[PDB]
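A short worksheet on the structure shown next.
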Amino acid sequence: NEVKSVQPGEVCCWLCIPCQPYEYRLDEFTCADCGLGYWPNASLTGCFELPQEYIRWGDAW
Amino acid sequence: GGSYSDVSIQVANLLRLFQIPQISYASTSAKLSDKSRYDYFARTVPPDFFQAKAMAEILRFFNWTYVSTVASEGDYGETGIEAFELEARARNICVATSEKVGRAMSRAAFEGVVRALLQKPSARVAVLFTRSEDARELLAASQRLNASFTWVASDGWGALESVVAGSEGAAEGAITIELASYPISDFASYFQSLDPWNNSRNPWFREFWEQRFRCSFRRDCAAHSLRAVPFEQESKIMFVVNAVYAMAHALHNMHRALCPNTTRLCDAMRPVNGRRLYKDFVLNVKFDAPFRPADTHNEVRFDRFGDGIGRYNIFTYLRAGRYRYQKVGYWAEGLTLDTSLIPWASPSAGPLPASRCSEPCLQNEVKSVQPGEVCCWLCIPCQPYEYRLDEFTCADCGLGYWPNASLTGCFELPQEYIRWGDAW
Ligand SMILES: *[C@@H]1O[C@H](CO)[C@@H](O)[C@H](O)[C@H]1NC(C)=O
Ligand SMILES: N[C@@H](CCC(=O)O)C(=O)O
């Protein structure tokens with residue numbers, strides 16, 4: 001879930017930066033956000049549509 | 001003898017076996033100062049230990065902290081670049097890339113060296129510590145590929161017109177270093193009177209005449225003369241004369257010590273020994289430098305390592321529409337230079353050329369460097385409720401507090417209530 005931002009002057013060394021919960025990691029160095037109503041896949045490379053929620057009969061309310 | 005440091009070192013290794021003294025006039029490598037190995041060598045020029053200081057201080061003056069270096073393979077270039085890298089670290093200057101030039105390099109190799117410099121576009125300043133031919137070829141390669149750098153060169157480039165012939169566009173604006181010297185006036189009238197018909201003792205003069213005036217003795221060579229064309233004296237004429245006079249004075253003092261009653265050679269001096277002349281007489285000479293201008297006080301002498309004194313002049317290359325070299329300052333235990341003479345350093349020309357790894361951080365951001373990185377950094381923004389305490393610290397403003405516009409202080413938030421005028 002983290003992305004790499006390389007420090008200039010040292011290829012080996014890098015900075016790990018965590019991504020927001022709703023963003024997904026498209027490439028090694030950057031992560032993009034899924035669209036509204038979509039949530040990042042467990043791979044953090046895609047988007048799975050969010051289920052539509054409503055009140056149900058079996059709820060305690 | 002000895003103009004290139006490599007030649008001087010190779011010759012010195014052989015001469016120490018037979019105890020023959022040697023005085024150089026243009027070799028400035030630092031390796032020759034080790035008297036455990038070269039125990040019969042002296043020179044009238046300073047070592048390259050001070051040229052690195054002068055170059056590094058020139059870079060510091062202009063705030064150029066990311067730089068690339070190019071060196072020539074051999075003793076001179078390698079030792080000079082090592083000294084410069086040591087001196088540069090001391091001043092928080094970092095080297096983006098390092099290149100080397102071999103003894104046999106083709107044009108494609110020079111173009112590859114030029115392309116390798118362009119990989120790091122942040123470092124726009126190239127530091128050359130190289131021989132003259134390598135500098136000429138590198139300038140030609142840069143002209144071919146339409147590349148632009150700011151050159152800082154050592155005395156190998158010096159102030160030769162041959163290096164920048166036909167590559168004026170690429171060489172414009174460069175800064176070079178030369179040994180401090182003056183021109184002697186008898187040599188000008190001596191040289192300008194020479195012609196191949198009377199200067200028969202020099203076997204190499206006719207070839208030079210043909211190359212210079214573009215003629216062939218086999219005829220049309222007698223129309224030309226060296227007086228009609230202008231004469232530009234080379235920089236290190238003074239040092240050759242000084243070396244010859246130093247050797248003459250050493251022999252004169254030795255003769256005065258060993259043959260007191262005669263002016264002709266005596267039997268004691270017949271093989272002129274050789275360990276004695278260097279250990280006693282060569283290193284103890286002191287006299288007025290000949291043919292010097294009357295105001296000056298230059299003297300000829302050697303220190304414990306048989307070296308000279310370190311003073312340098314600094315030049316820039318500019319366009320007047322002819323091109324010319326212009327002196328802008330000097331270095332003798334400290335840099336002095338006039339920025340009015342440099343064109344790109346003048347006001348109304350524009351911003352100064354820049355060479356740095358990282359642009360400064362913003363007002364609200366903080367620098368983050370891996371431990372021990374003095375040149376490069378990363379900007380990390382502070383939290384909205386935190387104020388920049390110093391470079392690497394974002395300090396929490398406090399509860400009920402907001403950071404100041406300066407982001408270096410805190411002010412209390414106004415309270416809220418249900419005012420008499422609300423819709424509620
Ligand atoms: C170099 O930077 C220092 C500090 O900002 C500044 O005082 C000086 O004027 C600068 N020199 C040049 C020539 O840019
Ligand atoms: N000092 C240079 C020689 C350059 C010159 O001849 O002026 C060297 O050690 O190679």
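Order determines the names: the first chain of the structure tokens is A, the second B, and so forth; residues in each chain are numbered 1 upward, and ligands are numbered 1 upward as they are shown.
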
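The residues of stretch 34-161 of chain B that DSSP classifies as strand (DSSP E), using the backbone of this structure, are residues 41, 42, 43, 66, 67, 68, 69, 70, 71, 72, 94, 95, 96, 97, 98, 99, 100, 101, 125, 126, 127, 128, 129, 150, 151, 152 and 153 of chain B.
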
Output C-alpha atoms for every residue in the selection just made, as a PDB file, in the first residue's frame.
```pdb
ATOM      1  CA  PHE B  41      63.937  16.941  -8.908  1.00  0.00           C
ATOM      2  CA  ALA B  42      63.131  20.652  -8.646  1.00  0.00           C
ATOM      3  CA  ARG B  43      60.789  23.041 -10.438  1.00  0.00           C
ATOM      4  CA  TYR B  66      26.072  20.576  -7.975  1.00  0.00           C
ATOM      5  CA  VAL B  67      28.941  20.118 -10.493  1.00  0.00           C
ATOM      6  CA  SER B  68      30.328  17.613 -13.002  1.00  0.00           C
ATOM      7  CA  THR B  69      34.029  16.842 -13.439  1.00  0.00           C
ATOM      8  CA  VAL B  70      36.118  15.651 -16.400  1.00  0.00           C
ATOM      9  CA  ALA B  71      39.693  14.386 -16.057  1.00  0.00           C
ATOM     10  CA  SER B  72      42.538  13.183 -18.257  1.00  0.00           C
ATOM     11  CA  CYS B  94      28.693  17.845  -4.340  1.00  0.00           C
ATOM     12  CA  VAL B  95      29.748  16.147  -7.628  1.00  0.00           C
ATOM     13  CA  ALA B  96      26.876  14.926  -9.892  1.00  0.00           C
ATOM     14  CA  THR B  97      29.039  12.853 -12.306  1.00  0.00           C
ATOM     15  CA  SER B  98      32.690  11.994 -13.031  1.00  0.00           C
ATOM     16  CA  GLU B  99      34.205  11.310 -16.458  1.00  0.00           C
ATOM     17  CA  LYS B 100      37.655  10.194 -17.617  1.00  0.00           C
ATOM     18  CA  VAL B 101      39.436  10.665 -20.947  1.00  0.00           C
ATOM     19  CA  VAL B 125      28.748  23.522 -14.680  1.00  0.00           C
ATOM     20  CA  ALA B 126      31.587  21.306 -15.910  1.00  0.00           C
ATOM     21  CA  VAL B 127      34.970  21.292 -14.161  1.00  0.00           C
ATOM     22  CA  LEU B 128      37.769  20.235 -16.523  1.00  0.00           C
ATOM     23  CA  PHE B 129      41.202  19.256 -15.246  1.00  0.00           C
ATOM     24  CA  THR B 150      29.617  26.731 -18.250  1.00  0.00           C
ATOM     25  CA  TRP B 151      33.276  25.734 -18.350  1.00  0.00           C
ATOM     26  CA  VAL B 152      35.758  26.016 -15.491  1.00  0.00           C
ATOM     27  CA  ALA B 153      39.216  24.894 -16.611  1.00  0.00           C
TER      28      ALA B 153
END
```

>> Quick check: residues of chain A within 10 Å of chain B, only C-alpha atoms, returned as a list in words.
In response: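 In the required form, that comes to residues 5, 6, 7, 8, 9, 10, 13, 14 and 15 of chain A.
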
Would you mind exporting N, CA and C atoms of the selected residues as a PDB file, in the first residue's frame?
```pdb
ATOM      1  N   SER A   5       9.160   7.222  -3.537  1.00  0.00           N
ATOM      2  CA  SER A   5       9.643   8.481  -4.091  1.00  0.00           C
ATOM      3  C   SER A   5      11.143   8.534  -3.851  1.00  0.00           C
ATOM      4  N   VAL A   6      11.921   8.439  -4.928  1.00  0.00           N
ATOM      5  CA  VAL A   6      13.362   8.289  -4.799  1.00  0.00           C
ATOM      6  C   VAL A   6      13.981   9.602  -4.346  1.00  0.00           C
ATOM      7  N   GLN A   7      14.945   9.508  -3.438  1.00  0.00           N
ATOM      8  CA  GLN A   7      15.727  10.674  -3.053  1.00  0.00           C
ATOM      9  C   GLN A   7      16.789  10.944  -4.112  1.00  0.00           C
ATOM     10  N   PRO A   8      16.897  12.173  -4.617  1.00  0.00           N
ATOM     11  CA  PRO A   8      17.879  12.448  -5.672  1.00  0.00           C
ATOM     12  C   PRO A   8      19.303  12.192  -5.201  1.00  0.00           C
ATOM     13  N   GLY A   9      20.118  11.656  -6.104  1.00  0.00           N
ATOM     14  CA  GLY A   9      21.501  11.361  -5.818  1.00  0.00           C
ATOM     15  C   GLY A   9      21.778   9.954  -5.332  1.00  0.00           C
ATOM     16  N   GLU A  10      20.748   9.184  -4.980  1.00  0.00           N
ATOM     17  CA  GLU A  10      20.924   7.808  -4.522  1.00  0.00           C
ATOM     18  C   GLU A  10      19.819   6.953  -5.127  1.00  0.00           C
ATOM     19  N   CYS A  13      18.526   4.152  -2.463  1.00  0.00           N
ATOM     20  CA  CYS A  13      17.689   4.589  -1.359  1.00  0.00           C
ATOM     21  C   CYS A  13      16.420   5.247  -1.888  1.00  0.00           C
ATOM     22  N   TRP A  14      15.355   5.167  -1.094  1.00  0.00           N
ATOM     23  CA  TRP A  14      14.053   5.674  -1.501  1.00  0.00           C
ATOM     24  C   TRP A  14      13.241   6.037  -0.271  1.00  0.00           C
ATOM     25  N   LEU A  15      12.118   6.705  -0.508  1.00  0.00           N
ATOM     26  CA  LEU A  15      11.195   7.088   0.547  1.00  0.00           C
ATOM     27  C   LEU A  15       9.871   6.358   0.358  1.00  0.00           C
TER      28      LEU A  15
END
```

> What do you get as a PyMOL selection string if you pick all residues at most 10 Å from ligand 1, counting only C-alpha atoms and all ligand atoms?
Replying inline: chain B and resi 59-64+339+345+351-354

Can those selected residues be exported to a file as a PDB file, in the first residue's frame so that it contains C-alpha atoms?
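Okay, selection-v6.pdb is ready:
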```pdb
ATOM      1  CA  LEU B  59      32.667  27.770  -7.411  1.00  0.00           C
ATOM      2  CA  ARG B  60      31.708  28.717  -3.840  1.00  0.00           C
ATOM      3  CA  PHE B  61      31.642  32.427  -4.711  1.00  0.00           C
ATOM      4  CA  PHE B  62      28.874  31.851  -7.269  1.00  0.00           C
ATOM      5  CA  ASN B  63      26.753  29.407  -5.193  1.00  0.00           C
ATOM      6  CA  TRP B  64      27.337  26.533  -7.657  1.00  0.00           C
ATOM      7  CA  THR B 339      32.305  41.054 -11.530  1.00  0.00           C
ATOM      8  CA  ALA B 345      27.515  38.501 -14.275  1.00  0.00           C
ATOM      9  CA  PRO B 351      19.679  35.844 -13.739  1.00  0.00           C
ATOM     10  CA  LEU B 352      23.000  34.227 -12.956  1.00  0.00           C
ATOM     11  CA  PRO B 353      23.647  30.718 -14.287  1.00  0.00           C
ATOM     12  CA  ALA B 354      22.493  28.171 -11.725  1.00  0.00           C
TER      13      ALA B 354
END
```

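Around ligand 2, the neighbouring residues within 7 Å, taking only C-alpha atoms and all ligand atoms, come to residues 3, 4, 5, 26, 27, 28, 29, 76, 131, 155, 156 and 236 of chain B.
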
>> as a PyMOL selection string, please: the residues near stretch 38-41 of chain A (cut-off 10 Å, only C-alpha atoms, same-chain neighbours under 2 positions excluded).
In response: chain A and resi 21-25+32-36+43-51

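The spacing separating atom CA of residue B:210 from atom CA of residue B:197 amounts to 13.0 Å.
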
>> Could you list, as a list in words, every residue within 10 Å of residue B:133, counting only C-alpha atoms and ignoring same-chain residues fewer than 6 positions away?
In response: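 Those residues are residues 139, 156, 157, 162 and 163 of chain B.
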